[PDB]
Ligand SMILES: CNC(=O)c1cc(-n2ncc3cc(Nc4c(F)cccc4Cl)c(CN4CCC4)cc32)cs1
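Just the one chain here, the form solved without the ligand, laid out as structure tokens.
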């Protein structure tokens, strides 16, 4: 066990191992400090979880987040550098700290402040799909892909972060970026969703890098649905059968029918191979969207695709999600995962 030291920063007590130095508050879910990790030489983000065990729902969310971060080992996905508690026993266990690489710019800063060549768009979208092939191979769904959740450095290298741990109703209301990248079947709860919702988000992101503009900036759920159906067309009877709510099906049939638009006249001047890929991502029926593994072999990525360097993930057991436990049982499972952590090479 390392030696810990205590300090009060911005009305918060931080008790951390000696290896972490020069702590400086950055953000505030949890509270975050930047620090220098003397063991590895990296600048890191240290997150102290807020009330991780106050309720059954919060205790299970803490466990879910720690299990997810411990599993992710891929160049294009955020991973876990360390996790610790100052507790010496389960009986005194109360606080959890997570340590990751400190991130700087996100894709928003690049998308709004940079002139992207088509070569930049190829490389950035390739890396998102390479990380998604890995995530999806473990039967994990990200659920919240958007420019603010994508870290990018000066060399145009990209990491996916901030997995959806199950956002609220006020958060998705009105003219807000938290909803502009969501697939229509999850935005309006049309059906049980799956990993195909992430490919819809990649299409919205790719379109925005090509044009510099948000693809579907709706002022509310219904305005956003109208923008989507104007581009991709209103649904046929085949997809209508797959929507469970009769009211939702009735609402769809209240709208005048519209054909899918010509994407070369929407994305004027774009690489014809980029136009072709967008048509294969932005498909209303989620059964028919291209998958991440299939998209990596598309000719748009010919310069970067390497089928011997696009790895899949170890199996991930999520049976805990259907389990009913008490607060102290979720807390004990979390404690076991903290003490069993083994750092990366």
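Residue numbers count along the first chain shown, from 1. In this text, the rigid core denotes the largest set of C-alpha atoms whose superposition between the two forms falls within 1.5 Å.
If the other structures are each fit on the rigid core, which stretch ends up farther away in C-alpha terms in 6 other deposited structures of this protein, 291-299 or 48-56? Higher average C-alpha offset in 6 other deposited structures of this protein goes to 48-56.
Say the other structures are aligned on the rigid core; which stretch then has the higher CA RMS in 6 other deposited structures of this protein, 89-97 or 75-83? Output: 89-97, the stretch lying farther off on average in 6 other deposited structures of this protein.
What about residue 175, is it left unmodelled in a third or more of the other PDB entries we looked at? yes, residue 175 frequently unmodelled elsewhere, at least a third of entries.
Counting only other entries that model residues on either side of residue 274, is it left out in at least a third? Looking at the other entries that model residues on either side of it, residue 274 is present in every one.
Zero if continuous, otherwise a range: how many residues of the deposited sequence are missing coordinates between residue 166 and residue 167 (none, 1 to 3, 4 to 9, 10 or more)? In the record, 1 to 3 residues between residue 166 and residue 167 lack coordinates.
Would you mind checking whether any residues of the deposited sequence sit unmodelled between residue 28 and residue 29, and how many (none, 1 to 3, 4 to 9, 10 or more)? Per the record, 1 to 3 deposited residues are absent between residue 28 and residue 29.
Output the stretch having the higher mean C-alpha B factor in the entry; the candidates are 88-96 and 271-279. Of 271-279 and 88-96, the stretch with the higher C-alpha B-factor average is 88-96.
Per the PDB record, is the mean Cα temperature factor higher over 280-288 or over 51-59? Going by the record's values, the stretch with the higher mean is 51-59.
Selection from 242, 260, 182, 74 [criterion: highest C-alpha temperature factor in the record]: It is 242.
In the PDB entry, which of 312, 69, 32, 35 has its C-alpha at the highest B-factor? The record points to 32.
Thinking about Cα B factors across the chain, which third does residue 189 belong to? CA B-factor rank for residue 189: highest third.
What third of the chain, by the recorded C-alpha B-factor, contains residue 236? Answer is highest: the recorded C-alpha B-factor places it there.
By the record's CA B-factor, is residue 137 among the lowest, middle or highest third of residues in the chain? As the PDB entry reports it, the C-alpha B-factor of residue 137 lands in the lowest third of its chain.
Is residue 212 in the lowest, middle or highest third of its chain when residues are ranked by C-alpha B-factor? It belongs to the middle third of the chain when residues are ordered by C-alpha B-factor.
Which third, lowest, middle or highest, does the C-alpha temperature factor of residue 147 belong to within its own chain? It falls in the bottom third of the chain.
Although not depicted, the form deposited with the ligand bound is the subject of the following passage.
How would the site be scored, open or blocked, if the ligand were superimposed onto this chain using its pose in the entry with it bound (blocked means 3 or more ligand atoms within 2.4 Å of backbone or C-beta)? After the site C-alphas are aligned, the pocket of the shown chain is blocked to the transferred ligand.
Using a 4.5 Å heavy atom cut-off, state whether residue 148 contacts the ligand in the entry with it bound. Although the ligand is absent here, residue 148 would touch it in the entry with it bound, with heavy atoms inside 4.5 Å.
Even though the partner isn't displayed, in the entry with it bound is residue 162 close enough to the ligand, meaning a heavy atom within 4.5 Å? Answer yes; at least one heavy atom of residue 162 falls within 4.5 Å of the ligand in the entry with it bound.
May I ask you to state whether residue 102 is within 4.5 Å of the ligand in the entry with it bound, using heavy atom distances? Contact with the ligand, yes.
4.5 angstroms heavy atom contact with the ligand in the entry with it bound for residue 139: The answer is no: residue 139 has no heavy atom within 4.5 Å of the ligand.
For the stretch 27-61, I need every residue with any heavy atom inside 4.5 Å of the ligand in the entry with it bound, listed N to C. 29, 32, 45, 46, 47, in sequence order.
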